[PDB]
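This report concerns only the one structure given below.
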Amino acid sequence: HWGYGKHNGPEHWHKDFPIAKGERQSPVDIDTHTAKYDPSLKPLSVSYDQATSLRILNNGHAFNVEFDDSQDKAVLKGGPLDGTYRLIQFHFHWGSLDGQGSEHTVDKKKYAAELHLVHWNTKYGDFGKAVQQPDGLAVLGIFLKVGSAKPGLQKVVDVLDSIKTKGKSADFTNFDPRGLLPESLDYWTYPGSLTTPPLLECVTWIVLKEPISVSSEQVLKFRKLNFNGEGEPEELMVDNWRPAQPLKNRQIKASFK
Ligand SMILES: COc1ccc(N(C(=O)CCl)[C@H](C(=O)NCCc2ccc(S(N)(=O)=O)cc2)c2cccs2)cc1Cl
Ligand SMILES: [Zn+2]
């Protein structure tokens, strides 16, 4: 099955998922001198005060922090979006070394990691229906650079020992995702895809300009996770990122001058 190795990594995915070579694939390079300020973009609304986290799961690719999405409790609205998008999960992509790990790049710069807060359009009723629509998902992407610790990340770091291997989960209640955001909500936006199989072209991407800082100790703990199951040979969960895909007939819009 698919992964990030030499034998099952991003250059192989097109054989099982031919949309890998499609017209609106993600991630992409954000060329800051080509992206155009769009004064018609509305302010982004991130409403996470009633977020109900549930669980954290090692899925063999990354780890997901899952939320209750049965009501409008943590939602993303405004910006380029029409309607209301419910938070279902967040996860990260990261590298083996601090000079790689992000999926999006900025003027070809790679960040140490990238956080994806995944939301689905409530007009489609559930997540499985939303991924079949061109406007089904909105993913908020936040870059991570290594520097000072991110206090709001530490509860995540401290449970990773308990979900080391594929298929392990742990209770993860009362986690506040607001602690993962930078100060500014300035962003770039473009139409794209899931960055993993099944690579469906269902995402409005919203990528924040301001990175968050995390500590060397925090990212080191990400890199101690395993892709393998318990009782299988250890393979460190590192370099779980897809590289930049062709932009094709797409415009990246900036929310800021
Ligand atoms: C609250 O209820 C839940 C929350 C999550 C789940 N899911 C899980 O896999 C369990 Cl963690 C999945 C899930 O989160 N799949 C992710 C597919 C995806 C790939 C890539 C990207 S990227 N890199 O941002 O482009 C985003 C999204 C699913 C959601 C619905 C059915 S299966 C399940 C429940 Cl019912
Ligand atoms: Zn992702």
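Swiss-Prot numbering applies to chain A: residues 4-260, in that order.
So how was this one determined? The header says X-ray crystallography, 1.3 Å.
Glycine is no exception: its Cβ is also placed from the backbone N, Cα and C atoms.
If you look up Swiss-Prot, you'll see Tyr7 (among others) marked as site 'Fine-tunes the proton-transfer properties of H-64'. Around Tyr7 (site 'Fine-tunes the proton-transfer properties of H-64'), the C-beta neighbours below 8 angstroms that are at least 6 residues distant in the chain are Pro13, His64, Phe230, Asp242, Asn243, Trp244.
Summarising the environment of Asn62 (site 'Fine-tunes the proton-transfer properties of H-64'), the number of other Cβ atoms within 10 Å of its Cβ, over all protein chains shown, is 15. Among the features that Swiss-Prot reports, site 'Fine-tunes the proton-transfer properties of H-64' is placed at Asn62 (among others), with the record citing experimental evidence.
Sequence annotations record features per position, and here Swiss-Prot assigns active site, proton donor/acceptor to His64. With a 10 A radius on its CB, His64 (active site, proton donor/acceptor) counts 18 other CB atoms from all the protein chains.
Annotation source Swiss-Prot lists site 'Fine-tunes the proton-transfer properties of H-64' at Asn67 (among others), citing experimental evidence. Contacts of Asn67 (site 'Fine-tunes the proton-transfer properties of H-64') defined by a Cβ separation under 8 A and a same-chain sequence distance of 6+ are given as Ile59, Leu60, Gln92, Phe93, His94, in order along the sequence.
The annotation Zn(2+) binding site is assigned in Swiss-Prot to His94, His96, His119. Under 8 Å, Cβ to Cβ, and six or more positions away along its own chain, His119 (Zn(2+) binding site) finds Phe93, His94, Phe95, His96, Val142, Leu143, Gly144, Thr198.
Neighbour list (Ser165 (phosphoserine), Cβ cut-off 8 Å, at least 6 residues apart, same chain): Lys171, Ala173. Annotation comment: Swiss-Prot describes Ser165 (among others) as phosphoserine.
The annotation phosphoserine is assigned in Swiss-Prot to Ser172 (among others). Classification of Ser172 (phosphoserine) by DSSP places it within a strand.
A simple way to gauge crowding: the CB of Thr198 (substrate binding site) has 24 other CB atoms within 10 angstroms, across all the protein chains here. The substrate binding site annotation in Swiss-Prot covers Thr198, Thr199 and is backed by experimental evidence.
In the structure shown, the C-beta of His96 has more C-beta neighbours within 10 angstroms than that of any other entry among the binding-site residues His94, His96. Burial estimate for the recorded positions (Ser172, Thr199): highest at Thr199, by number of other CB atoms within 10 Å. Excluding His94, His96, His119, which define the Zn(2+) site, the same chain contributes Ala65, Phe93, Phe95, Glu106, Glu117, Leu118, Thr198 within 8 Å (Cβ to the Cβ centroid), listed in sequence order. In this structure, none of the recorded positions from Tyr7, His64, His94, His96, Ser165, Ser172 has a C-beta falling under 6 Å of any atom of ligand 1.
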